[PDB]
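Worksheet: the structure to be examined is printed underneath.
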Amino acid sequence: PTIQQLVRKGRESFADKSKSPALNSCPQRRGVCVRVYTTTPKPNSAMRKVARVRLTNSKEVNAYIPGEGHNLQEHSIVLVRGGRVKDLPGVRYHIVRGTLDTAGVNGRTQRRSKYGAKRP
Amino acid sequence: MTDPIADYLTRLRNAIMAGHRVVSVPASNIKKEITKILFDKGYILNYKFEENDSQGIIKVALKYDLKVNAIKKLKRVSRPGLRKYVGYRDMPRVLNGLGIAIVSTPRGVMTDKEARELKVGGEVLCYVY
Amino acid sequence: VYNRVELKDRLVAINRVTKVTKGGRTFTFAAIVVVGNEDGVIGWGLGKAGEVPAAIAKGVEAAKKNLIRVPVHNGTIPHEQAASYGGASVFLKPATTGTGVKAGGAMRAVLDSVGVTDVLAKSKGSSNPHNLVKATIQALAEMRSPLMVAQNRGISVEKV
RNA sequence: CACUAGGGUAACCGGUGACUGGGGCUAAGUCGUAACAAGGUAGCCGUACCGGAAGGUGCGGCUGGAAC
RNA sequence: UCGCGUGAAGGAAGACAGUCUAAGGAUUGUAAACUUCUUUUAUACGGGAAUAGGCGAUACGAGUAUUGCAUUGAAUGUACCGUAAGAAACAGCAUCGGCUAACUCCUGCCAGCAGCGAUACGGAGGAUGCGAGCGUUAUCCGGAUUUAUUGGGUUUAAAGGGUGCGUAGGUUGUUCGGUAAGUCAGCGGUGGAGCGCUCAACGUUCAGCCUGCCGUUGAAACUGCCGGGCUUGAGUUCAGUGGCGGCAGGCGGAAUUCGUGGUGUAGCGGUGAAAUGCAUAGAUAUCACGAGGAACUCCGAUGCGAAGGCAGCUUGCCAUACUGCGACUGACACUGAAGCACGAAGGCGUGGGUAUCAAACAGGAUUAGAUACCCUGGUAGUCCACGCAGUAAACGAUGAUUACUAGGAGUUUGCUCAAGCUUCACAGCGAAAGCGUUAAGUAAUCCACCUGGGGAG
RNA sequence: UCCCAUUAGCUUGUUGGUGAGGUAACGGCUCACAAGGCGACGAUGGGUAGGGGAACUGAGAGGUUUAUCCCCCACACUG
Ligand SMILES: [K+]
Ligand SMILES: [K+]
Ligand SMILES: [K+]
Ligand SMILES: [K+]
Ligand SMILES: [Mg+2]
Ligand SMILES: [Mg+2]
């Protein structure tokens, strides 16, 4: 545009959206397991364990449960962090293992800190 | 016309691109000063002023090597839509000192070298190299 | 561009270039090579052979055949220069003596093959290797030495 | 004089509601074949009328169309 | 965040793990054998942070002695025995990237991406980073030029308003003087080298920017303002040359529709083939008379208009264009957010008219079906006047103005020249197709618009 | 010295004059003629922020944010 056009109007800059809006600019939130169910991936064909959780920030979302073997159930207090799964539409949050009701993965000897397992 | 100095630079550039030997311009005082600066700085072969019934004509014979012109780029800086003013302490260097910038100053019209020598600033008309 | 017809070889990139035929897919092998002696002479070529070594050898031969002379002084450039070729644009500026080459990739390969030590280089177009190396060599070719500028203009004490 | 308290009408910001309609994604179960080749009636734009559905037809325009 | 330690020098290829019955990796790694203590422990000495009655005498300031005064606190530090003794995790090793064997699973799983579901999943052995930390999540910057003044674009990727007139605003040919608002200059005011931490983070001092604001002196090239000039831009006049430019009034022939009458009788019409339909209470065809509506063959591909658009003949009233003058005035110019005007077809309201064609609707065919394509009918509409409405592939998918830059082939008008009209084609531009004096080339002024796809105009 | 025109008119001590009172002090600060003033250089109305140096971060253009520190402002359950 011309210099006078820029003087009259100016330039407008948008705002980048946050990839985890339900956290409300927090690292982790606390919730209760409203529902525990299983979903199918959008060329994978697995059975991924998910929980619908109502967070304390007045919001309900879906959180994936990483690892093999979950002791969670309905109406369980869990810690929810960011991070999405590529081959699953919907879910965009993870459940921290080893915190609150969620227990660490049993029989883990590698990648222990990502699944909350102590040194054996 | 909107910018006669830009028109003069454009005429020179088009003649250089077309590979002509001479170029004619409707005369003006600041353009007479600019072509005098160019001739004494060694970018054109020679010039001539013809004062006719109109405002006058400037005829410029350009400088070619034994077929590359002596001028490579002309860039108008201070346009009517955005005027550029600078001092001697912040004057620019064109092509890292191998090119010139025509500057209008209260002491007259000269290049950036003479302007920095005389410690004066003004309008930056064009970059020439 | 002055043609100016031992230089080491640098492989910029290779490509898995395919073809579609009724029988199936036939695959070639392309490679961009730059030859230079770190002195002011740099050439570039494109080998298009079946095997990788054969493609590299053909590119080396083509780059040796097509050479130009780039005016340089010490390990820097006489002035700043911008040049665009295709969807790629390059900008080169002189820098301080203790700075080195500040760019990576095809730009770094071309500037190493030409031997320039201190340079500030920035790419403002695309990351295509062909157009990138061609734009960089065009920028180097459009570069004028102070002696060349003085010869074109007249006197050699113009900078004073 | 005004801090409140009281009635009433007017705004704005908000919840909920018998019932009633879009959109996105995942499944794809059903029904046809509208477009991509002259896609088997060249295609598209506007407008009007009419159909389970993609759509059809009338009038004007375009080639981002064949073929002559 | 910074610093230190978890030991230092020699010791051949133990036992136990892996991968191949031996060989290779762990591996000089362990085990003993020789020294050192930073640091931990037990003891002693233990700083620094603490500095603040006479004797001039101006009779009081002020300068000189003495006195106690440490929460931190066994705290720095110094010294003494007897000992390697008390002290290493976490991540990832298929590409981007540094780092590979074997067993599982063949869903369980993993992922930042190419994706694998394994030199990608889980374990075991080795490897590679970093290291008292290592990873995961959340937030903010740069690469991003992904808002582009520096520093992007709009033919076909997103992006030129349907077209003009015009208000505010932005820009301003040439020249002679004034002024000093912008601009420039001067003078004032104001706001790396050491030293100490045992080293370092960190403390601290001086050289060094103040380049932001204000005051006060000067300069006049350029922009602005004021006062005059010039004619090249712009406009007015005159002459010549136009034209499917607008509005309005008249005049026409061909075809075709209906009504009424001559001739005449076995079909006509339609289709790929048929049928629905008209027709012996008298068709098609053919000859007349009477009443009407709509469209303008040949010329006819070119010209005009701001765009939408404009084509039978003629007249009237308007507008407008192009070329020139030795006629005039003197920069009176360009663009233009708001606003206003015009604006194809279809559509709406009131009054006329109503021949052809024809949405909707009705019947006949083809198909598995045919809510279509084909055929026969057929009402709005199509026509006129006035008024609404304001849309289009309203397209050159390309805004207006000004100046400049190569050649070929045609064409119209004004006379070899200048306007216009379209396709090949230098330089240049472009991602390419391509554009190329009617630019999408080189430049300047203003306006409009774009910032991933759906949702969604 | 922030956004919104899917915020276009606002104000009636509001603008000015005379006089008086009041104040540490000028003044519609208050009290007894003319009528004005302010707005497309954004009045008015609505939403959201305490403001700077710092700090972080970009070659630069700059930008982000006031965690410790310093300067100014506002407040002390609500009037
Ligand atoms: K079809
Ligand atoms: K069709
Ligand atoms: K049209
Ligand atoms: K062409
Ligand atoms: Mg487009
Ligand atoms: Mg247009």
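Here's how to read the names in the structure tokens: chain A, B, ... by the order shown, residue numbers from 1 in each chain, ligand numbers from 1 in the order shown.
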For chain C, work out the contacting residues on chain E at 12 Å, counting only C-alpha atoms (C1' of nucleotides), and write them as number ranges by chain. E: 143-145, 151-152, 430-432
Would you export the selected residues with C-alpha atoms (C1' of nucleotides) as a PDB file, in the first residue's frame, please?
ATOM      1  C1'   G E 143      14.536 -17.537  12.737  1.00  0.00           C
ATOM      2  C1'   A E 144       8.989 -15.766   9.912  1.00  0.00           C
ATOM      3  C1'   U E 145       9.905 -11.022   5.160  1.00  0.00           C
ATOM      4  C1'   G E 151      11.452  -5.274   4.300  1.00  0.00           C
ATOM      5  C1'   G E 152       5.624  -8.673   0.698  1.00  0.00           C
ATOM      6  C1'   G E 430       7.658 -14.015 -14.581  1.00  0.00           C
ATOM      7  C1'   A E 431       7.187 -20.027 -10.813  1.00  0.00           C
ATOM      8  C1'   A E 432       5.702 -21.264 -15.584  1.00  0.00           C
TER       9        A E 432
END
Please extract the residues at most 10 Å from ligand 2, counting only C-alpha atoms (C1' of nucleotides) and all ligand atoms, and provide them as a list in words, using the chain letters and residue numbers of this document.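 These are the residues that qualify: residues 34, 35, 38, 39, 40, 41, 42 and 43 of chain D; 373 of chain E.
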Can you pull out the residues contacting stretch 46-61 of chain D? Cut-off 8 Å, using only C-alpha atoms (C1' of nucleotides), and skip same-chain residues under 6 positions away; I want them as a ChimeraX atom specification. /D:32-34 /E:344-347,358-360,371-372,391-393
Near chain E, meaning an atom within 10 Å, which residues of chain A appear when counting only C-alpha atoms (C1' of nucleotides)? Write them as number ranges by chain. A: 1-6, 8, 10-14, 18, 20, 23-28, 43-48, 66-69, 80-83, 85-87, 94, 96, 107-114
Output C-alpha atoms for every residue in the selection just made, as a PDB file, in the first residue's frame.
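For reference, again.pdb as written:
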ATOM      1  CA  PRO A   1       0.000   0.000   0.000  1.00  0.00           C
ATOM      2  CA  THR A   2       0.943   3.663  -0.278  1.00  0.00           C
ATOM      3  CA  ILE A   3       2.553   5.561   2.587  1.00  0.00           C
ATOM      4  CA  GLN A   4      -0.601   7.611   3.150  1.00  0.00           C
ATOM      5  CA  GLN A   5      -2.708   4.433   3.082  1.00  0.00           C
ATOM      6  CA  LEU A   6      -0.476   2.989   5.803  1.00  0.00           C
ATOM      7  CA  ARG A   8      -4.503   6.206   7.641  1.00  0.00           C
ATOM      8  CA  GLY A  10      -1.848   0.825   9.586  1.00  0.00           C
ATOM      9  CA  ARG A  11      -1.004  -2.842   9.958  1.00  0.00           C
ATOM     10  CA  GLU A  12      -2.953  -5.383  12.017  1.00  0.00           C
ATOM     11  CA  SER A  13      -1.302  -8.328  13.785  1.00  0.00           C
ATOM     12  CA  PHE A  14      -3.311 -11.353  14.896  1.00  0.00           C
ATOM     13  CA  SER A  18      -2.804 -21.699  22.445  1.00  0.00           C
ATOM     14  CA  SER A  20      -3.912 -26.313  25.166  1.00  0.00           C
ATOM     15  CA  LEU A  23      -5.330 -25.673  30.875  1.00  0.00           C
ATOM     16  CA  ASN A  24      -5.807 -21.873  31.148  1.00  0.00           C
ATOM     17  CA  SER A  25      -2.060 -21.140  30.890  1.00  0.00           C
ATOM     18  CA  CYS A  26      -1.200 -23.738  33.530  1.00  0.00           C
ATOM     19  CA  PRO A  27       1.308 -26.606  33.213  1.00  0.00           C
ATOM     20  CA  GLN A  28      -0.988 -29.236  34.738  1.00  0.00           C
ATOM     21  CA  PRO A  43      -4.236 -46.905   9.380  1.00  0.00           C
ATOM     22  CA  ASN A  44      -3.424 -48.125  12.904  1.00  0.00           C
ATOM     23  CA  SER A  45      -6.369 -50.192  14.247  1.00  0.00           C
ATOM     24  CA  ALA A  46      -5.567 -50.196  17.958  1.00  0.00           C
ATOM     25  CA  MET A  47      -7.648 -49.810  21.136  1.00  0.00           C
ATOM     26  CA  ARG A  48      -6.455 -46.636  22.859  1.00  0.00           C
ATOM     27  CA  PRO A  66      -0.043 -43.755  28.043  1.00  0.00           C
ATOM     28  CA  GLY A  67       1.682 -46.989  28.956  1.00  0.00           C
ATOM     29  CA  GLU A  68       0.484 -50.572  29.248  1.00  0.00           C
ATOM     30  CA  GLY A  69      -1.790 -51.306  32.197  1.00  0.00           C
ATOM     31  CA  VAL A  80      -3.767 -33.816  33.304  1.00  0.00           C
ATOM     32  CA  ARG A  81      -0.982 -32.290  31.199  1.00  0.00           C
ATOM     33  CA  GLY A  82      -0.758 -31.104  27.613  1.00  0.00           C
ATOM     34  CA  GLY A  83       0.240 -33.122  24.583  1.00  0.00           C
ATOM     35  CA  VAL A  85      -2.020 -37.877  19.872  1.00  0.00           C
ATOM     36  CA  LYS A  86      -1.638 -37.627  16.101  1.00  0.00           C
ATOM     37  CA  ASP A  87      -3.765 -40.589  14.976  1.00  0.00           C
ATOM     38  CA  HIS A  94      -2.257 -36.807  28.680  1.00  0.00           C
ATOM     39  CA  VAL A  96       0.501 -38.074  34.366  1.00  0.00           C
ATOM     40  CA  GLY A 107       7.642 -53.799  35.340  1.00  0.00           C
ATOM     41  CA  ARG A 108       9.257 -50.778  33.676  1.00  0.00           C
ATOM     42  CA  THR A 109      13.054 -50.659  33.535  1.00  0.00           C
ATOM     43  CA  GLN A 110      13.622 -48.086  30.758  1.00  0.00           C
ATOM     44  CA  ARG A 111      12.095 -44.630  30.225  1.00  0.00           C
ATOM     45  CA  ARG A 112      11.065 -44.809  33.875  1.00  0.00           C
ATOM     46  CA  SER A 113      10.696 -41.075  34.534  1.00  0.00           C
ATOM     47  CA  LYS A 114       8.187 -40.682  31.691  1.00  0.00           C
TER      48      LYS A 114
END
Could you list, as a PyMOL selection string, the residues of chain B having an atom within 7 Å of chain E when counting only C-alpha atoms (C1' of nucleotides)? chain B and resi 1-3+6-7+10-11+14+18+54-55+80+85+104-109+120-123
Take the residues from that selection and write them out as a PDB file, in the first residue's frame, keeping N, CA, C and O atoms.
ATOM      1  N   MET B   1       3.398  15.701 -14.602  1.00  0.00           N
ATOM      2  CA  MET B   1       4.531  15.047 -13.961  1.00  0.00           C
ATOM      3  C   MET B   1       4.422  15.130 -12.446  1.00  0.00           C
ATOM      4  O   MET B   1       3.895  16.102 -11.903  1.00  0.00           O
ATOM      5  N   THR B   2       4.923  14.104 -11.765  1.00  0.00           N
ATOM      6  CA  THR B   2       4.934  14.057 -10.311  1.00  0.00           C
ATOM      7  C   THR B   2       6.325  14.255  -9.729  1.00  0.00           C
ATOM      8  O   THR B   2       6.513  15.098  -8.848  1.00  0.00           O
ATOM      9  N   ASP B   3       7.311  13.497 -10.205  1.00  0.00           N
ATOM     10  CA  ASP B   3       8.686  13.575  -9.716  1.00  0.00           C
ATOM     11  C   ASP B   3       9.617  13.751 -10.907  1.00  0.00           C
ATOM     12  O   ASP B   3      10.022  12.767 -11.540  1.00  0.00           O
ATOM     13  N   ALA B   6      12.947  11.823 -10.516  1.00  0.00           N
ATOM     14  CA  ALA B   6      12.752  10.407 -10.808  1.00  0.00           C
ATOM     15  C   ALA B   6      12.587  10.177 -12.302  1.00  0.00           C
ATOM     16  O   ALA B   6      13.072   9.177 -12.838  1.00  0.00           O
ATOM     17  N   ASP B   7      11.912  11.097 -12.992  1.00  0.00           N
ATOM     18  CA  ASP B   7      11.773  10.996 -14.442  1.00  0.00           C
ATOM     19  C   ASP B   7      13.126  11.090 -15.137  1.00  0.00           C
ATOM     20  O   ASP B   7      13.388  10.363 -16.101  1.00  0.00           O
ATOM     21  N   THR B  10      14.956   7.862 -14.561  1.00  0.00           N
ATOM     22  CA  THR B  10      14.336   6.824 -15.373  1.00  0.00           C
ATOM     23  C   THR B  10      14.719   6.953 -16.841  1.00  0.00           C
ATOM     24  O   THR B  10      14.962   5.946 -17.509  1.00  0.00           O
ATOM     25  N   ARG B  11      14.764   8.181 -17.362  1.00  0.00           N
ATOM     26  CA  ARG B  11      15.194   8.389 -18.742  1.00  0.00           C
ATOM     27  C   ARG B  11      16.626   7.918 -18.946  1.00  0.00           C
ATOM     28  O   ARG B  11      16.930   7.231 -19.933  1.00  0.00           O
ATOM     29  N   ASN B  14      16.662   4.046 -18.815  1.00  0.00           N
ATOM     30  CA  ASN B  14      16.092   3.437 -20.011  1.00  0.00           C
ATOM     31  C   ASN B  14      17.029   3.575 -21.202  1.00  0.00           C
ATOM     32  O   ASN B  14      17.156   2.643 -22.004  1.00  0.00           O
ATOM     33  N   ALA B  18      18.599   0.434 -23.214  1.00  0.00           N
ATOM     34  CA  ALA B  18      18.468   0.349 -24.662  1.00  0.00           C
ATOM     35  C   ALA B  18      19.799   0.475 -25.389  1.00  0.00           C
ATOM     36  O   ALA B  18      19.849   0.224 -26.597  1.00  0.00           O
ATOM     37  N   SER B  54      11.217  27.134 -24.768  1.00  0.00           N
ATOM     38  CA  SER B  54      10.678  26.419 -23.620  1.00  0.00           C
ATOM     39  C   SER B  54      11.645  26.551 -22.442  1.00  0.00           C
ATOM     40  O   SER B  54      12.553  27.386 -22.439  1.00  0.00           O
ATOM     41  N   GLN B  55      11.449  25.724 -21.414  1.00  0.00           N
ATOM     42  CA  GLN B  55      12.313  25.760 -20.240  1.00  0.00           C
ATOM     43  C   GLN B  55      13.749  25.350 -20.547  1.00  0.00           C
ATOM     44  O   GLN B  55      14.642  25.624 -19.740  1.00  0.00           O
ATOM     45  N   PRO B  80       8.220  12.275  -3.544  1.00  0.00           N
ATOM     46  CA  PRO B  80       7.202  13.173  -2.970  1.00  0.00           C
ATOM     47  C   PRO B  80       6.342  12.526  -1.900  1.00  0.00           C
ATOM     48  O   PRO B  80       5.960  13.195  -0.933  1.00  0.00           O
ATOM     49  N   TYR B  85      15.310  13.128   4.903  1.00  0.00           N
ATOM     50  CA  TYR B  85      16.247  14.132   5.383  1.00  0.00           C
ATOM     51  C   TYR B  85      17.266  13.466   6.295  1.00  0.00           C
ATOM     52  O   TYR B  85      16.912  12.612   7.114  1.00  0.00           O
ATOM     53  N   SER B 104      21.245  17.412  -1.626  1.00  0.00           N
ATOM     54  CA  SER B 104      21.004  18.847  -1.603  1.00  0.00           C
ATOM     55  C   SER B 104      21.188  19.365  -0.183  1.00  0.00           C
ATOM     56  O   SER B 104      20.554  18.868   0.753  1.00  0.00           O
ATOM     57  N   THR B 105      22.050  20.362  -0.030  1.00  0.00           N
ATOM     58  CA  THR B 105      22.468  20.909   1.250  1.00  0.00           C
ATOM     59  C   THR B 105      22.354  22.423   1.217  1.00  0.00           C
ATOM     60  O   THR B 105      22.307  23.023   0.139  1.00  0.00           O
ATOM     61  N   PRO B 106      22.303  23.076   2.384  1.00  0.00           N
ATOM     62  CA  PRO B 106      22.313  24.548   2.398  1.00  0.00           C
ATOM     63  C   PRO B 106      23.537  25.159   1.738  1.00  0.00           C
ATOM     64  O   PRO B 106      23.464  26.304   1.275  1.00  0.00           O
ATOM     65  N   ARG B 107      24.653  24.439   1.679  1.00  0.00           N
ATOM     66  CA  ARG B 107      25.830  24.903   0.958  1.00  0.00           C
ATOM     67  C   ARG B 107      25.758  24.614  -0.535  1.00  0.00           C
ATOM     68  O   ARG B 107      26.650  25.042  -1.274  1.00  0.00           O
ATOM     69  N   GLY B 108      24.728  23.903  -0.997  1.00  0.00           N
ATOM     70  CA  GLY B 108      24.533  23.614  -2.399  1.00  0.00           C
ATOM     71  C   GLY B 108      24.208  22.152  -2.602  1.00  0.00           C
ATOM     72  O   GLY B 108      23.827  21.443  -1.665  1.00  0.00           O
ATOM     73  N   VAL B 109      24.361  21.695  -3.840  1.00  0.00           N
ATOM     74  CA  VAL B 109      24.118  20.306  -4.210  1.00  0.00           C
ATOM     75  C   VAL B 109      25.466  19.648  -4.460  1.00  0.00           C
ATOM     76  O   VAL B 109      26.219  20.076  -5.343  1.00  0.00           O
ATOM     77  N   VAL B 120      27.625  19.057   6.890  1.00  0.00           N
ATOM     78  CA  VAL B 120      26.288  19.576   6.632  1.00  0.00           C
ATOM     79  C   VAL B 120      25.436  18.452   6.052  1.00  0.00           C
ATOM     80  O   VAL B 120      25.947  17.532   5.407  1.00  0.00           O
ATOM     81  N   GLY B 121      24.129  18.512   6.314  1.00  0.00           N
ATOM     82  CA  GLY B 121      23.184  17.542   5.812  1.00  0.00           C
ATOM     83  C   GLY B 121      22.059  18.196   5.025  1.00  0.00           C
ATOM     84  O   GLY B 121      22.018  19.413   4.840  1.00  0.00           O
ATOM     85  N   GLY B 122      21.139  17.350   4.561  1.00  0.00           N
ATOM     86  CA  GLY B 122      20.008  17.825   3.785  1.00  0.00           C
ATOM     87  C   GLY B 122      19.151  16.726   3.189  1.00  0.00           C
ATOM     88  O   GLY B 122      18.818  15.751   3.870  1.00  0.00           O
ATOM     89  N   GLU B 123      18.788  16.876   1.917  1.00  0.00           N
ATOM     90  CA  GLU B 123      17.975  15.897   1.206  1.00  0.00           C
ATOM     91  C   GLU B 123      18.850  14.930   0.426  1.00  0.00           C
ATOM     92  O   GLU B 123      19.804  15.339  -0.239  1.00  0.00           O
TER      93      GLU B 123
END
Could you pull out the residues sitting within 8 Å of ligand 5, using only C-alpha atoms (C1' of nucleotides) and all ligand atoms, and write them as a ChimeraX atom specification? /E:156-159,397
Write out as a ChimeraX atom specification each polymer residue whose atoms come within 12 Å of residue E:235, counting only C-alpha atoms (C1' of nucleotides); drop sequence neighbours fewer than 2 positions from it. /E:233,237,328-333
Can you pull out every residue within 12 Å of residue F:13, counting only C-alpha atoms (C1' of nucleotides), but drop anything in the same chain fewer than 3 positions away, and send it as a VMD selection string? chain F and resid 16 28 to 31
Which residues, written as a list in words, have at least one atom at most 12 Å from residue F:12, with only C-alpha atoms (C1' of nucleotides) counted and residues fewer than 4 positions away on the same chain left out? residues 35, 36 and 37 of chain F
Please indicate the distance in Å from atom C1' of residue F:52 to atom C1' of residue F:68, rounded to one decimal place.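 Separation of atom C1' of residue F:52 and atom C1' of residue F:68: 17.0 Å.
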Quick one: DSSP strand (DSSP E) residues in chain C, as JSON, numbers by chain? {"C": [8, 9, 10, 11, 12, 13, 14, 15, 29, 30, 31, 32, 33, 34, 35, 36, 41, 42, 43, 44, 45, 46, 47, 48, 49, 67, 68, 69, 81, 82, 83, 84, 85, 88, 89, 90, 91, 92, 93, 120, 121, 122, 123]}
Generate a file of the selected residues that holds C-alpha atoms, formatted as a short mmCIF file (atom, residue, chain, number, x, y, z; two decimals), in the first residue's frame.
data_model
loop_
_atom_site.label_atom_id
_atom_site.label_comp_id
_atom_site.auth_asym_id
_atom_site.auth_seq_id
_atom_site.Cartn_x
_atom_site.Cartn_y
_atom_site.Cartn_z
CA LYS C 8 38.49 -29.71 -5.59
CA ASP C 9 34.91 -30.96 -5.84
CA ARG C 10 31.99 -30.45 -3.45
CA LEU C 11 28.70 -32.36 -3.67
CA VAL C 12 25.82 -30.02 -2.85
CA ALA C 13 22.87 -32.41 -3.12
CA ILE C 14 21.56 -35.55 -4.81
CA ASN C 15 18.01 -36.35 -5.88
CA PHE C 29 20.20 -40.13 -10.10
CA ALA C 30 20.93 -36.40 -10.27
CA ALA C 31 23.64 -34.53 -8.39
CA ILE C 32 24.76 -30.90 -8.17
CA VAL C 33 28.54 -30.50 -7.93
CA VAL C 34 30.65 -27.36 -7.49
CA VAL C 35 34.35 -27.29 -8.37
CA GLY C 36 36.62 -24.66 -6.87
CA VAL C 41 37.36 -19.66 -9.88
CA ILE C 42 34.17 -21.65 -9.30
CA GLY C 43 32.10 -23.85 -11.58
CA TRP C 44 28.90 -25.83 -11.17
CA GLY C 45 27.44 -28.85 -12.92
CA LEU C 46 24.62 -31.39 -12.85
CA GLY C 47 25.22 -35.12 -13.28
CA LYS C 48 22.26 -37.27 -14.31
CA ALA C 49 23.47 -40.86 -14.22
CA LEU C 67 33.84 -22.50 -15.01
CA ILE C 68 33.82 -18.75 -14.35
CA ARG C 69 36.19 -16.27 -12.71
CA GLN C 81 25.19 -7.64 -3.59
CA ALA C 82 21.71 -9.13 -3.94
CA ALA C 83 20.73 -11.52 -6.72
CA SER C 84 17.63 -13.59 -7.49
CA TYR C 85 17.42 -16.69 -9.69
CA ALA C 88 15.52 -18.07 -4.72
CA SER C 89 17.09 -14.77 -3.67
CA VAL C 90 20.48 -14.28 -2.02
CA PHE C 91 22.12 -11.33 -0.26
CA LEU C 92 25.85 -11.04 0.49
CA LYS C 93 27.58 -8.38 2.58
CA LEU C 120 27.37 -12.27 5.76
CA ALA C 121 24.95 -14.28 3.61
CA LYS C 122 21.16 -14.52 3.81
CA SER C 123 18.61 -16.38 1.68
#
Go through B:116, B:21, B:75, B:41 one by one, measure the shortest atom-to-atom distance of each to residue B:60 using only C-alpha atoms, and give the residue with the smallest value. B:21
Neighbourhood of ligand 6 at 10 Å, counting only C-alpha atoms (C1' of nucleotides) and all ligand atoms, reported as a PyMOL selection string: chain E and resi 160-163+307+394-399
